[PDB]
Amino acid sequence: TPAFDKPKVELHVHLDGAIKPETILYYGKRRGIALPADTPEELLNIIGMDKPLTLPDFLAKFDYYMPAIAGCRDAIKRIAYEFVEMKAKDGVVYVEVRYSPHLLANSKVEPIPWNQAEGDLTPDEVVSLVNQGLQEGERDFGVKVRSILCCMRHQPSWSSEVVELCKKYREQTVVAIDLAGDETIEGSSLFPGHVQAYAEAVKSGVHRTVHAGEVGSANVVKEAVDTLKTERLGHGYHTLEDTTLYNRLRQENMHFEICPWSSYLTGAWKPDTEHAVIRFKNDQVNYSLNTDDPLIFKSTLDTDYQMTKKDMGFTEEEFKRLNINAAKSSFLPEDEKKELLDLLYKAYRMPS
Amino acid sequence: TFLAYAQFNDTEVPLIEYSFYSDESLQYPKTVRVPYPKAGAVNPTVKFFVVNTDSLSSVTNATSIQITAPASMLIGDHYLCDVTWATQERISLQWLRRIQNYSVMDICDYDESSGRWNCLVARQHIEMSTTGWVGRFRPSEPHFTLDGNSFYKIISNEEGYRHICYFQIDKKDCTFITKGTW
Ligand SMILES: *[C@@H]1O[C@H](CO)[C@@H](O[C@@H]2O[C@H](CO)[C@@H](O[C@@H]3O[C@H](CO)[C@@H](O)[C@H](O[C@H]4O[C@H](CO)[C@@H](O)[C@H](O)[C@@H]4O)[C@@H]3O)[C@H](O)[C@H]2NC(C)=O)[C@H](O)[C@H]1NC(C)=O
Ligand SMILES: *[C@@H]1O[C@H](CO)[C@@H](O[C@@H]2O[C@H](CO)[C@@H](O)[C@H](O)[C@H]2NC(C)=O)[C@H](O)[C@H]1NC(C)=O
Ligand SMILES: *[C@@H]1O[C@H](CO)[C@@H](O[C@@H]2O[C@H](CO)[C@@H](O)[C@H](O)[C@H]2NC(C)=O)[C@H](O)[C@H]1NC(C)=O
Ligand SMILES: *[C@@H]1O[C@H](CO)[C@@H](O)[C@H](O)[C@H]1NC(C)=O
Ligand SMILES: [Zn+2]
């Protein structure tokens, strides 16, 4: 059936967003945590969307399941492992994954999340667990895997330890710091703890991406690049509203992590426009195709490719070249970035 | 210094029940009932902790550091089936899948800073079969060297004879030090 049946690269996908219905169900039962459904099957439907509802009623889908996973060291490690496998089920030969370590902890964590009581799992223990899972999975399913730690926009308090963890687990799958959460929160990009983290990132060699431009002004993107010094951009769509910045970005070779099917469902793209992306295609821009949250959008990486192919006339020749940009823009050490490309060129029938 | 221990949870393990008659003085027979998983039924589950006995308070409950288990085991039913101390601060565990032809050894070090035990996935060690099950009855136990960076373990060789193998803790491959038709 496949849209693009060749080696792919993925840079923008959320761990909390990519969990198996069956193992949520399993951990619910075990822990005695109540759940809207009982079949692994019809549970996907209560958590999953098909109509393009919006960002309010989307963040509500997390409350359904997250309580069952968080605070359970056994689960953290398992969902990590099970994830690597689902990417190997798609074409994916290299992935970077992002999650908030604080959102899975139940101890030493500012507001304890998801309504759970204290508290044994520290956010450090978490990253460790997640790593052990990703490493076991790289080995067992043969996809190269590195991770990305998230700061939350409404919680600039946390972003201090987020970058500190990033530094200590550098030797183990963590390669970059992100910043998801809520964009349309007043002057968030400027919050003190947030900017000082990204400062330490630059000062310490820790690569940087930022969720910015999804549903929000081209100024959110501006602050991401200028004050925050991002190397890549989560989504970036409403940057086609400031041609000076847009064209100075293509100039400086900015990478755009793009989620086609996510856009439709979050409401960030309205169907009566040409997608943000089709512009990027004609404009020869540095960009990648991702998925964000497969569980909640009920998708596999193929849906984002099947969409781009069908809905907007993408061709294999384009697909090849954006997967190349992806690897080029990836946050791997140079030498391994080289061998990734080597692997890509070869399976695309290109040289060295 | 340390006391390691296992915890078994039999909550949903079915009960076997049978009558016990006792001395003739006992008017009504007793029904012994015991948690016992018959084949295909629901097994116990297990967890593993290590505690430090030097730092015991008498003013605070004492802290036990869980060691989760291989994610390659957590995807389904499993058993803890060997534990062997290697050094004063190094411990080795062997886990086994409910389908007993795949098993995994972990090797864990005390982490002075964190206060926890950390087992790197690059010291893990797999053992498997396609003709049958792993081990004579369960996987064999490692015998470490004094410094605890290598160990000897009886594994089954290429032609199916059980001989002594020599591993480095962070190296997939071992060398057999005995061979033969025995
Ligand atoms: C050993 O294994 C068993 C089963 O695998 C496991 O038993 C389960 O433990 C949980 C937690 O105690 C039980 O779930 C609870 O059930 C009770 C009683 O009806 C509820 O009161 C619980 O609290 C819920 O609601 C609270 C407030 O809304 C919350 O604070 C709380 O988080 C819950 O949401 C909860 O539902 C579960 O029923 C048992 N399962 C069985 C089959 O007995 C046990 O924990 C394990 N024990 C050990 C030592 O490992
Ligand atoms: C047996 O156990 C421990 C660990 O081998 C020893 O205590 C350690 O000593 C080291 C080196 O002197 C210290 O830095 C640590 O503080 C101790 N370890 C821990 C984590 O407690 C101890 O010396 C040995 N037993 C005795 C009393 O000889
Ligand atoms: C352990 O045993 C399982 C089951 O005996 C093995 O898997 C079987 O072998 C092949 C390939 O997987 C198939 O023809 C069978 O259908 C499998 N059986 C089933 C239903 O599981 C496996 O090779 C062995 N080792 C493992 C699990 O790594
Ligand atoms: C320690 O153990 C239990 C907590 O599970 C509790 O009932 C008891 O009050 C605690 N007391 C001490 C000695 O700290
Ligand atoms: Zn995202």
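What the entry reports as its method is X-ray crystallography, with 3.15 Å given for the resolution.

Draft legend 1. View of the interface of chain B and chain A. At the interface, 16 residues of chain B touch 18 residues of chain A. Carbon and sulfur atoms supply 51% of the area that chain B and chain A bury against each other, a total of about 1,500 Å² over both sides. At the boundary of chain B and chain A, one finds one salt bridge. Between chain B and chain A we count seven residue pairs in polar contact in total.

Draft legend 2. Geometry of the coordination of the zinc ion (ligand 5). Residue and element names in this part refer to chain A. The zinc ion (ligand 5) binds to the protein through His-12 (NE2), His-14 (NE2), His-211 (NE2) and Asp-292 (OD), with metal-donor distances spanning 2.0 to 2.2 Å. Classification of the site at the zinc ion (ligand 5) as irregular follows from its four donor atoms and the range of 68 to 159° in their angles at the metal. Along the chain, the residues that donate to the zinc ion (ligand 5) are spaced as H-x1-H-x196-H-x80-D. Note that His-14 is positioned in strand β1 (residues 8-14) and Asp-292 in the loop between β8 (287-289) and α13 (301-312), a separation of 278 residues in sequence. For the pair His-14 and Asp-292, a shared accessibility class is recorded, and that class is buried.

Draft legend 3. Highlighting the nonpolar core. Counting residues in hydrophobic clusters, the biggest one holds 104 residues, and the most contacted among them are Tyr-65, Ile-177, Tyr-287 and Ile-296 of chain A. Looking at which element gives the most residues to this core, the answer is helix α5 (residues 73-89) of chain A, with six residues. The residues touching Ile-177 of chain A, leaving out its near neighbours within four places in the chain, are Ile-148, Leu-149, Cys-151, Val-162, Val-163, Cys-166, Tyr-198, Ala-201, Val-206, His-207, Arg-208 and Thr-209 of chain A. Counting 18 residues, the second largest nonpolar core, distinct from the first, contains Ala-69, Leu-80, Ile-91 and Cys-119 of chain B.

Draft legend 4. Examining α5 of chain A more closely. Between its first and last C-alpha atoms α5 of chain A spans 25 Å; for 17 residues at 1.5 Å apiece the expected length is 24 Å, and the two agree. Counted residue by residue, α5 of chain A has 13 buried out of 17 residues, so it is predominantly covered.

Draft legend 5. Fine view of the sheet that holds strand β13 (residues 162-168) of chain B. Across the sheet, which stays open at both edges, the four strands sit in the order β11-β12-β13-β14 (chain B) with antiparallel pairing between neighbours. Bordering the open sheet on either side are β11 (143-144) and β14 (175-176) of chain B, each of which pairs with just one other strand.

Draft legend 6. Expanded view of the side chain of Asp-302 of chain A. The residue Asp-302 of chain A is located in helix α13 in this model. Of the buried charged residues, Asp-302 of chain A lacks a salt bridge, with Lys-8 of chain A as the closest side chain of opposite charge at 4.4 Å.

Draft legend 7. Highlighting the UniProt feature "active site" in chain A. Residue and element names in this part refer to chain A. Feature annotation in UniProt assigns "active site" to the following positions: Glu-214. Relative to the elements of secondary structure, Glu-214 occurs in the loop between β5 (207-212) and α9 (218-225). Contacts of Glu-214, omitting those with residues within four sequence positions, involve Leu-55, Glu-183, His-235, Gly-236, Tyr-237, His-238, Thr-266 and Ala-268.

Draft legend 8. Just the UniProt feature "disulfide bond" in chain B, in detail. Residue and element names in this part refer to chain B. With its sulfur atoms 2.0 Å apart, the UniProt disulfide linking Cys-108 and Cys-119 appears as an intact bond in this structure. Of the two residues, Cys-108 sits in strand β8 (residues 102-111) while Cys-119 sits in the loop between β9 (116-118) and β10 (125-128), which places them eleven residues apart along the sequence. Each member of the pair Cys-108 and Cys-119 is classed as buried. Of the UniProt disulfides, the one joining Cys-165 and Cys-174 is satisfied here, as the sulfur distance of 2.0 Å falls under 2.5 Å. For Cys-165, a relative accessible area of 0% translates into the label buried.

Draft legend 9. Representation of the sheet that holds strand β4 (residues 45-52) of chain B. Residues and elements named next belong to chain B. What the three strands build is an open sheet, ordered β1-β4-β5; its pairing is antiparallel. Every other strand in the sheet has two partners, leaving β1 (2-9) and β5 (64-66) as the edge strands with one partner each. Between one strand axis and the next, the sheet turns by 30° as a mean value, whatever way the strands run. Bridge count for β4 against β5 is three bridges, and the pairing is antiparallel. Residue pairing in the sheet places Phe-49 in a bridge with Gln-66 of β5.

Draft legend 10. Main features of the state of the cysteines. Applying the stated criterion across every chain, the model contains two disulfides over all chains. The side chain of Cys-108 of chain B participates in a disulfide bridge whose partner is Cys-119 of chain B; the two sulfur atoms lie 2.0 Å from each other. Torsion about the S-S bond of the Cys-108 of chain B and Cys-119 of chain B cystine: about 95°, corresponding to right-handed handedness. Each disulfide pairs two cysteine sulfurs, and for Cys-165 of chain B the partner residue is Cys-174 of chain B, the sulfurs being separated by 2.0 Å. With the S-S dihedral at roughly 65°, the linkage between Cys-165 of chain B and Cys-174 of chain B falls on the right-handed side. For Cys-174 of chain B, a relative accessible area of 26% gives the class partly exposed. If one numbers only the bonded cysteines of chain B, in the order they occur, the disulfide pattern is 1-2, 3-4. In this model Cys-72 of chain A remains outside any disulfide bridge; the closest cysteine sulfur is found in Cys-119 of chain B, 17 Å from its own. Its relative accessible area of 13% is what places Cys-72 of chain A among the buried residues. Between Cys-259 of chain A, a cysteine without a disulfide, and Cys-150 of chain A, which holds the nearest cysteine sulfur, the sulfur-to-sulfur distance is 13 Å. A relative accessible area of 0% places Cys-259 of chain A in the buried class.

Calculation criteria
- Residues numbered from 1 in each chain as written, not as in the entry; some residues may be left out.
- Chains lettered and ligands numbered in written order.
- Part of a larger assembly, values for the part shown.
- Heavy atoms only, no water.
- Contact = heavy atoms within 4.5 Å.
- Buried area = accessible area lost by both parts, 1.4 Å probe.
- Salt bridge = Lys/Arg side-chain N within 4 Å of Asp/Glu carboxyl O.
- Polar contact = N/O pair within 3.5 Å; in protein donor to acceptor, adjacent residues only side chain to side chain.
- Donors = N, O, S within 2.8 Å, 3.2 Å for Na, K, Ca; no water.
- Tetrahedral: all angles 85-135°; square planar, octahedral: opposite > 155°, others 65-115°.
- Helix = DSSP H or I, 4+ residues; strand = E, 2+ residues; numbered from the N terminus.
- Buried < 20%, exposed > 50% of the residue type's maximum accessible area, 1.4 Å probe, protein only.
- Core = buried A, V, L, I, M, F, W, Y, C linked by side-chain atoms within 4.5 Å.
- Expected span 1.5 Å × (residues − 1).
- Pairing = 2+ DSSP bridges.
- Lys, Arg positive; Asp, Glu negative; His and termini not counted.
- UniProt positions renumbered as here; feature names shortened; annotations may be inferred.
- Disulfide = S-S within 2.5 Å.
- Axes fitted to C-alpha atoms, helices over the stretch in contact; angles between N-to-C directions.

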